[PDB]
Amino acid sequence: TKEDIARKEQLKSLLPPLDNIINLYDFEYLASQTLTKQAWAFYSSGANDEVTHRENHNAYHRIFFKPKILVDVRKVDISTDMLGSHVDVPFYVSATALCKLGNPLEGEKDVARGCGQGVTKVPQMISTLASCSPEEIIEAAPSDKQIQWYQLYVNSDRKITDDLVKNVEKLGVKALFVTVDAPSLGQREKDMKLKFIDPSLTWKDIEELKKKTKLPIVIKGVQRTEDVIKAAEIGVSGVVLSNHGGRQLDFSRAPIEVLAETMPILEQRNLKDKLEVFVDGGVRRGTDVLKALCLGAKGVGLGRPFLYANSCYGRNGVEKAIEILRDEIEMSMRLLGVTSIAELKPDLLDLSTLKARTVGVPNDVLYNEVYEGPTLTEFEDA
């Protein structure tokens, strides 16, 4: 659309020094003024009205902290074990589809490199609909030590998928994330305005996929305790509490709000140790990851921040986003008065207004238009 001018004059060296990005929102602001409408639209969307999409984040704001003081905090350790391996930080790059729209040059291989090129390794989750082959992506990885996972959309032509599982196990991915919340892919109206998955998956299809592989299986997209408990009764390793970035059903509850309610049940039913619950959608700050780890999640995930850090600063941007959030989680822990992930339990949290999810009554337009309130002191004109 001839903005390409605007965009490469923004993008070519008006972009701030990577050293000057203070938070994950800065990468989103930058991606928005430069990516193609085509890509911003496909990346930034939600399923219409996008209230679950914003709600996933804002639900982290109904939960406040109850910090400990005079606790030694010189030394704090954020590493945890997620799904067999022991990883460095508690968060992971989650599975964006098509990473090439904003990073045409290297796509999802640049996330692989960003997730192992620096001091910290952050798990990578690869999309069945990645725009680079599994082989490519895994082979881009800088370490033996960085860990990768594979999210599988199963196909209606089951043999396609069936080969794919045995092909990625071979390629060494470290678990399978079946994404089960996308029978049809939600109405991302921002896309439409500018314009693979089977519909039949069912618990038995997971049961057989258990029998057919060695990799740990996690149902990605669970959205009510009754499926977390099925995910347990059929034996998968994990369950990722998710509503797909608020891009599938729109009045879907926020993930942290389901966690707060599904973990006590998994203690009353004792199957808590049997099951790794992860959580994603809306995390944008170290304190959102800490509200999620204090409530029970094994690890928490992030799609979009990584996606726009990559599309703006490629591998180096995905490395920096990892340092940024790792610093937030680290400093806020000093401040919570805790030293190890296992020390984060729920009593570090005020959950009394978790359910203060309010819709207000219509603004009194006329009382408000005619009303006018205090003014502050004026200067002299002279």
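Just count from 1 along the sequence shown to find any residue number.
Coordinates are absent for 10 or more residues of the deposited sequence placed between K195 and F196.
Remark: stretch with higher mean C-alpha B factor among 146-154 and 269-277 is 269-277. Between 324-332 and 42-50, the higher mean Cα B-factor belongs to 324-332. Remark: of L307, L164, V289, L249, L164 shows the highest value [criterion: C-alpha B-factor in the PDB entry].
The maximum CA B-factor among the listed residues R253, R284, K159, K298, taken from the PDB record, is found at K159.
The PDB entry assigns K230 a C-alpha temperature factor belonging to the middle third of its chain's modelled residues. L241 sits in the lowest third of its chain by CA B factor, as recorded in the PDB entry.
In the PDB entry, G107 places in the highest third of its chain by CA B-factor. When the CA B factors of the chain's modelled residues are split into thirds, the value for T202 lands in the middle one. In this PDB entry, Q223 carries a Cα temperature factor that places it within the lowest third of its chain's modelled residues.
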